[PDB]
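One chain comes next, on its own, written out as C-alpha cells in the form deposited in one PDB entry.
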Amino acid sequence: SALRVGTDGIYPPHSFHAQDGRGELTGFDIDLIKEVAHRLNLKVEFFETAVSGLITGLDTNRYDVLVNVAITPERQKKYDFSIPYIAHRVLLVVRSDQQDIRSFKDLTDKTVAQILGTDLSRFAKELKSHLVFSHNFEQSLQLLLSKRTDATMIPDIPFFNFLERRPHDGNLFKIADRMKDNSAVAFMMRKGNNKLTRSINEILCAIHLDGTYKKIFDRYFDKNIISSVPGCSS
C-alpha cells in the first residue's frame, strides 16, 4: 500500500526540483521520508501543494504525513509530530553597507522580506517589522540591493544552500544577527495517528544507527554549519 506525503516541493534543499523545476522531486526531507516508506514496506505517494494549503491537506485528508514542519506548541496541541529529524536557525541578512540594523531588535517598522515556505510570519510579528514575501532568496536579494527592503530573514539551511549554489556572488549582502537557540523540525500527522507516529519514530531511530541518516544528511548539508539532531541507541 501507499504512504501519502504532502509537500510544497519548492524549498531547496528540503524539497525541490532537480533544476529549473523540471527534474524529479528530491531533497533531504524527501529522501528521508522515502527511506521511511521503504522500511515500512510502502510505496510513497507525493502530493505537491501550495504553501497555503499544506496544513489543510492534512486536516482534509488529501495526505497523511506533512514534511518540513517546525514544532510549535499550538501544533503539538492539534497534531501529532514525529521525533525531530533536522533543525534550523533564523538569520538576518542585510546589505554589506547597512549600519543602522545590527540585530533582530532593530527591525521595528523596518520592511523585512521572508521567503514563502520559510514559515517565519509568527517569529517576525514580535519584531515588529512590516513584512513582505519573496519567491526565493534571489528575488529578496533584488529587493534588498535596490532598497525596496531594509532586510531579509531567512533560515540558515536555505541560506547556506544558496551560498553553495552561487558561491562567487558579489559579497553584496551580509548576516547581521543570528538566532542563538535553534528550532526543531519534524513530520506532521493528524492528531490520533499513533501507530503511525511510533513507526516513523522507530524507523528514524534505526536509520540513525545503521548510518543512513548521516549518508542522507551529507548528501545535502555541510555538517560544520547546519545543525543535526541526536542519534539513538540499539
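In this text, the rigid core denotes the largest set of C-alpha atoms whose superposition between the two forms falls within 1.5 Å. Quick note: we count residues from 1 along the sequence shown, nothing fancier.
Margin query: Regarding 208 to 216 and 17 to 25, which shows the higher C-alpha temperature factor on average in the entry?
Written below: On average, C-alpha B-factors are higher across 17 to 25.
Margin query: Please compare 163 to 171 with 176 to 184 and name the stretch with the higher mean C-alpha B-factor in the deposited structure.
Written below: The stretch with the larger mean CA B-factor is 163 to 171.
Checklist line | Peak C-alpha temperature factor (PDB record), options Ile101, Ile86, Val90, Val132 | finding: It is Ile101.
Item checked: Out of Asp97, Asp156, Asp119, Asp150, highest CA B-factor residue -> Most elevated C-alpha B-factor of the set, per the entry: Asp97.
Margin query: Which third, lowest, middle or highest, does the C-alpha temperature factor of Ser233 belong to within its own chain?
Written below: Middle third, going by the recorded CA B-factors of the chain.
Check: Of the three thirds of its chain by CA temperature factor, lowest, middle or highest, which one includes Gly57?
Finding: For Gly57, the deposited C-alpha B-factor lands in the middle third.
Notebook entry, point to check: Should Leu42 be placed in the lowest, middle or highest third of its chain by the C-alpha B factor in the entry?
Noted result: Highest third, going by the recorded CA B-factors of the chain.
Notebook entry, point to check: In terms of the CA temperature factor given in the entry, to which third of its chain does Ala50 belong: lowest, middle or highest?
Noted result: As the PDB entry reports it, the C-alpha B-factor of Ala50 lands in the middle third of its chain.
Checklist line | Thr111 - Cα temperature factor, lowest/middle/highest third of chain | finding: Middle third by C-alpha B-factor.
The same protein also exists as the form deposited in another entry; that form is not shown, yet it is the one meant from here on.
Check: Does the C-alpha of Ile115 move 2 Å or more between this form and the one not shown once the rigid core is lined up?
Finding: It does shift by 2 Å or more.
Next item on the list: Establish whether a shift of 2 Å or more occurs at the C-alpha of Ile83 between this form and the one not shown, with the two forms superposed on the rigid core.
Entry: Where the cores coincide, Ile83 shows only a C-alpha shift between this form and the one not shown that is less than 2 Å.
Check: Do you see a C-alpha shift of 2 Å or more at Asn161 between this form and the one not shown, with the core held fixed?
Finding: Comparing the forms between this form and the one not shown, which are aligned on their rigid core, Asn161 does not shift its C-alpha by 2 Å or more.
Next item on the list: Report the direction of the Cα distance change between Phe221 and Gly117 in the other entry, compared with the displayed form, as closer or farther; the change is 3 Å or more.
Entry: Residues separate in the other entry, at least 3 Å farther apart.
Check: How does the C-alpha distance between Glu138 and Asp29 change in the other entry compared with the present structure, closer or farther, given a change of 3 angstroms or more?
Finding: Nearer in the other entry, by 3 Å or more.
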